[PDB]
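One letter stands for each residue in the lines below.
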Amino acid sequence: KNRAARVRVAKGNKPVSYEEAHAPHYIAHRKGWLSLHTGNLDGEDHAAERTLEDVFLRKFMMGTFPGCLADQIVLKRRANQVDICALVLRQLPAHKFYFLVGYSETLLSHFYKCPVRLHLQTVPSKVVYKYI
Amino acid sequence: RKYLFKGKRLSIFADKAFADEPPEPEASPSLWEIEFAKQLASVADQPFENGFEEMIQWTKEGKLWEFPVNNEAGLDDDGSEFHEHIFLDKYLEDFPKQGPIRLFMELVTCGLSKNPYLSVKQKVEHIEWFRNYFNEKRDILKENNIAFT
Amino acid sequence: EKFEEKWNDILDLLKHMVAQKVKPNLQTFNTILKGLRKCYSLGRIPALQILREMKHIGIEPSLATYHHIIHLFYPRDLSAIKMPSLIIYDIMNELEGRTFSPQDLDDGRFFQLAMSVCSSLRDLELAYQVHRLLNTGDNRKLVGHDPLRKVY
Amino acid sequence: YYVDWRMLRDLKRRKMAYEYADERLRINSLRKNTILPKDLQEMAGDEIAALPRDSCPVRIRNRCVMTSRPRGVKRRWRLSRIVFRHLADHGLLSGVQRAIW
Amino acid sequence: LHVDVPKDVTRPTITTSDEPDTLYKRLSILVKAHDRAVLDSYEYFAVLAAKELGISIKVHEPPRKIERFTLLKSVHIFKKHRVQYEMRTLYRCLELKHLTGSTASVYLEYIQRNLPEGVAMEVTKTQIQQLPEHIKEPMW
Ligand SMILES: [Mg+2]
Ligand SMILES: [Mg+2]
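Residues numbered from 1 in each chain as written, not as in the entry; some residues may be left out. Chains lettered and ligands numbered in written order. Part of a larger assembly, values for the part shown. Heavy atoms only, no water.

As stated in the entry header, the method of structure determination is cryo-EM and the reported resolution is 3.06 Å.

Listed below in structure tokens is the structure:
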């Protein structure tokens with residue numbers, strides 16, 4: 001049996017999002033890619049550095065927004081610009097988000113020497129694709 | 001009646017037949033002049049109104065790449081020329097004009113001319129290293145009938 | 001104690017600026033007008049003379065320079081509202097279509113003051129001219145800061 | 001802290017080979033030819049041997065940057081097969097999909 | 001905006017120099033992406049943009065490349081059981097013609113600044129110039 005990235009069946013009480021529901025073989029078929037850069041295209045360089053930066057950027061956002069992330073973040077690289085698009089629950093006060101956005105942008109722009117912007121779409125609660 | 005530019009004036013000053021006779025940077029910018037300029041900018045300092053204005057600011061600050069993309073932007077190798085990189089035999093004058101050492105340095109300088117990853121200064125350092133190396137080995141060379149410097 | 005002495009003193013500083021072959025700048029005239037806002041009644045004729053001298057010298061009046069003339073001619077605590085001055089109309093005609101850049105530290109103040117004078121006079125035609133000037137070029141950047149942006 | 005002591009030794013090997021790259025190039029050039037006297041080549045053969053062993057560039061091993069696994073690594077991403085599959089199977093690698101054909 | 005509209009919008013300063021301009025006989029723009037639909041949308045934006053500035057453009061689709069590699073599915077042993085991965089690269093080539101150097105800079109900036117994420121460009125300018133003045137006349 002294959003176990004990779006597969007949320008298993010229980011008794012029909014486990015909420016799963018659209019991203020979680022689909023196993024790896026649905027990548028490029030039903031669900032797209034969370035990161036979009038040019039480093040895995042044919043004849044392109046610096047794939048290892050884009051991949052390492054993404055791993056860190058995901059751990060950073062999880063810790064900086066603990067319990068406030070509704071789904072996995074989406075990373076979009078254009079030129080030297082980095083764009084982080086995160087679905088965030090409406091738990092924290094509004095002014096706290098403005099603090100964490102200013103902090104997380106400045107800190108990650110001085111760490112990777114690129115302009116980094118954070119895009120936050122607030123949801124009332126996690127969106128459930130199906131109950132499995 | 002209350003014409004803004006029709007009527008008597010103070011007349012203490014006279015028409016500026018000579019204008020801006022002393023240069024604006026009479027001295028290097030002082031703290032007084034450097035700080036006044038920062039305040040003038042704040043007078044018109046308003047927040048970004050769209051993504052275009054934000055990108056314009058990043059461009060002025062060097063944060064965002066300039067377009068169209070130039071893969072060699074800001075990358076000048078000491079303002080050198082092609083002839084400096086390609087013709088490197090001028091630096092082999094100290095070496096023997098003929099013989100095995102000349103034959104070897106010919107191969108060394110041929111590779112250096114085809115090296116795009118080194119600057120002219122770095123290439124000269126490779127040549128200088130061999131000059132001092134053979135000088136130290138003068139006694140071994142003399143035994144083999146090779147005379148260096 | 002005496003304004004006439006005080007005014008003649010400030011002028012003496014200006015006369016020594018010509019003896020020493022030192023030419024005045026915009027800030028010099030703006031500083032004189034900002035001081036004159038204290039004496040609303042007696043500063044009217046002196047203030048206009050300065051602006052005429054500013055043009056003859058070749059210094060271009062900035063938004064700050066008008067901000068000071070307005071304060072001096074349209075006092076906020078003006079009991080004599082029966083017959084207000086008409087200078088605001090001439091100023092707006094003078095600046096119609098012109099674009100301005102930061103050249104003084106009171107440029108932002110002008111627009112907030114101009115709208116206030118429009119509300120006092122209850123002239124909506126003048127309010128359109130002031131807002132229309134704000135939209136020409138990049139004049140929007142001199143509307144003012146947080147305190148003066150919301151008042152305008 | 002690096003992943004383990006094996007990754008730490010490799011990092012030092014990579015930083016000492018960079019310092020001795022020009023030196024080991026200039027000396028080794030004197031040996032890889034047939035134009036110079038064999039006495040000089042025999043002496044250059046020992047100058048290169050005398051350099052520290054960690055300067056030698058064949059002692060570098062490519063290890064997964066995240067788990068320090070010596071084998072199973074993919075050189076384009078610098079990750080082991082196990083670590084690569086975790087990022088790929090979750091949609092986190094840009095453009096990597098499963099191969100069905 | 002219904003009633004509140006800018007009056008005299010400020011426009012950048014474009015000063016004509018005295019230096020002669022570059023002349024590009026051809027200008028091939030090879031965009032690459034993992035997604036065909038993105039190339040279709042970008043192709044529409046680029047062809048529409050070229051036609052609006054007077055540039056002559058043609059488009060063709062170079063054959064796609066699929067790079068496949070095999071990995072070991074298990075963490076330990078079970079050699080015969082593998083997992084395979086692929087990366088797909090798709091191409092759209094925009095071949096422009098008869099461009100001056102000013103027209104090629106403004107166009108490339110405009111379309112390069114709007115290059116979607118996950119798309120890589122490969123511009124291949126082809127300049128045409130006279131012969132070197134020394135070569136023009138044989139000198140011994
Ligand atoms: Mg351990
Ligand atoms: Mg090995």
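Quick question: what am I supposed to make of the overall build of chain E here?
On a plain count of helices and strands, chain E comes out with 3 helices and 5 strands. The secondary structure elements of chain E, listed N-terminal to C-terminal, are β-α-β-β-β-α-β-α. Computed over the C-alpha atoms, the radius of gyration of chain E is 23 Å, more than 25% above the 14 Å expected from 2.2 N^0.38 for a compact globule of 140 residues. Along the first, second and third principal axes, the C-alpha set of chain E runs to 75 × 70 × 25 Å. For chain E, the proportion of its 140 residues judged to be buried stands at 33%. (Helix = DSSP H or I, 4+ residues; strand = E, 2+ residues; numbered from the N terminus. Rg over C-alpha atoms; globule rule 2.2 N^0.38 Å. Buried < 20%, exposed > 50% of the residue type's maximum accessible area, 1.4 Å probe, protein only.)

In this structure, what is going on with the sheet that holds strand β4 (residues 81-89) of chain A? I would like to understand it.
Within a sheet, neighbouring strands are paired by backbone hydrogen bonds and run either parallel or antiparallel to one another. Residues and elements named next belong to chain A. In spatial order, the strands read β2-β3-β4-β5; together these 4 strands make up an open sheet with mixed pairing. Either end of the sheet is taken by a strand with one partner, and the two such strands are β2 (35-36) and β5 (116-123). Across 5 bridges, the pairing between strand β3 (residues 74-78) and β4 is antiparallel. For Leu 75, the partnering residue across the bridge sits in β4 and is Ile 84. Across the sheet, helix α3 (residues 94-112) lies against β4 and β5, angled at about 150° from β5, the strand it touches most. (Pairing = 2+ DSSP bridges. Contact = heavy atoms within 4.5 Å. Axes fitted to C-alpha atoms, helices over the stretch in contact; angles between N-to-C directions.)

Got a minute to help me understand the pattern of salt bridges in this structure?
Any two side chains of opposite charge can pair, on the condition that their charged atoms come close. The full count for this structure, using the stated rule, is 43 salt bridges over all chains. A salt bridge links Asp54(D) to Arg59(D); the nearest nitrogen and oxygen atoms lie 3.1 Å apart. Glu86(E) is the salt-bridge partner of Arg68(E), the closest N and O atoms lying 3.0 Å from each other. Note that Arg68(E) is positioned in strand β3 (residues 65-72) and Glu86(E) in strand β4 (residues 82-100), a separation of 18 residues in sequence. (Salt bridge = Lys/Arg side-chain N within 4 Å of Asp/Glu carboxyl O.)

Explanation requested: empty space enclosed by the protein in the structure shown.
Left-over empty space is what a probe sized like a water molecule reveals as it rolls over the atoms. Scanning the entire structure with this criterion turns up 5 cavities of 30 Å³ or more. In this structure, the largest cavity occupies an estimated 50 Å³ of space. If you go around the largest cavity, the residues you meet are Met92(C), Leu95(C), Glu96(C), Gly97(C), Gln129(C), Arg132(C), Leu133(C) and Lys7(E). Counting residues per element, the lining of the largest cavity draws most heavily on helix α7 (residues 124-135) of chain C, at 3 residues. (1 Å grid on protein atoms, 1.4 Å probe; cavity = no way out; pocket = protein on both sides within 12 Å on 5 of 7 lines; lining within 4 Å. Points joined across faces, edges and corners; volume = space filled by probe spheres on them.)

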